[PDB]
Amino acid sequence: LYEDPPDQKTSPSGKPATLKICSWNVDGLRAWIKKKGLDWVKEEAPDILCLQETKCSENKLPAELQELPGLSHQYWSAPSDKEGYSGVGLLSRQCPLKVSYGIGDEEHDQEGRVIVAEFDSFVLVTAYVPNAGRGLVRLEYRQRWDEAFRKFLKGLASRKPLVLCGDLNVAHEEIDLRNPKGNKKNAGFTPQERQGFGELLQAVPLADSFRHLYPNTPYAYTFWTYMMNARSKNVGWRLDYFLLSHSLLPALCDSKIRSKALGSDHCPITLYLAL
């Protein structure tokens, strides 16, 4: 149902891509490593790799990671005492000017969900947004997270062009999932989460890189439940995004969905910028 087109490696002005960013919700760093996740990273060779749902504390990291050639500057965030839950990682070829953790709000900074890495010409944010939960029991909290995260990113974008990547835990529009009808009362497709995502795009402001380039392309998903043969049937959701400041749109080469890369219940996404 979906074939990601070939990589467009030049900006519209003809400038070659100089920066390749890869984002991937790994569904547990060790589970991902066993399913050959690293091998794929080596073939992809990104300049920056953002990982979500590492489920790993910084003191219990797999030794195979620090070894990664060309991704030697590594930063991790996990819940302090809570093992096997949430966790994000940012691995970079080049050293960032500054790395920070969280969104500057105590209530929202306890689950190791955000890493901010400032570079010379942009700020990179990687996030694992909180799921609205089974039966939507964490939806009110999710709406408070949405508001604090929008405010935080608006503050960052005012200082430097912003690239936000990661698992944002929302399929924005009906085109973003296989079954919009059956999912309006489920986490990831509630009107509340959809509205929050629309407000993030308008308030920062940010542009959805994949949708900017491919506005009518259906069946392009980044997550399929491990249950009910969803990935073989392409019953998926586009939960993973690259969101860019409008000033970075002339640097945008391509925004890829690496549908065939195995290793997780999510597939990786890749961004090419001519910075």
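Rigid core (definition): largest C-alpha set, two forms, superposition within 1.5 Å. Position 1 is the first residue in the sequence shown; the rest follow in order.
Put simply, when the other structures in 4 other deposited structures of this protein are lined up on the rigid core, the C-alpha atoms of 107-115 lie farther off than those of the other stretch, from 72-80 and 107-115. Fitting each structure in 4 other deposited structures of this protein onto the rigid core and averaging C-alpha distances over structures and residues, 63-71 emerges as the more displaced of 63-71 and 212-220.
Relative to one another, 38-46 and 234-242 have unequal mean CA B-factors, and 38-46 is the one with the higher figure.
Per-stretch averaging of Cα B factors for 24-32 and 66-74 places 66-74 on top. Based on the entry's C-alpha B-factors, the most elevated value among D146, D176, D81, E118 belongs to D81. Placement of the Cα temperature factor of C267 within the chain: lowest third of the modelled residues, per the deposited record. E107: CA B factor lies in the highest third for its chain, per the PDB record. For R159, the recorded CA temperature factor ranks within the highest third of the chain's modelled residues. For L213, the recorded CA B-factor ranks within the middle third of the chain. Only modelled residues enter the ranking.
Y221 sits in the lowest third of its chain by CA B factor, as recorded in the PDB entry.
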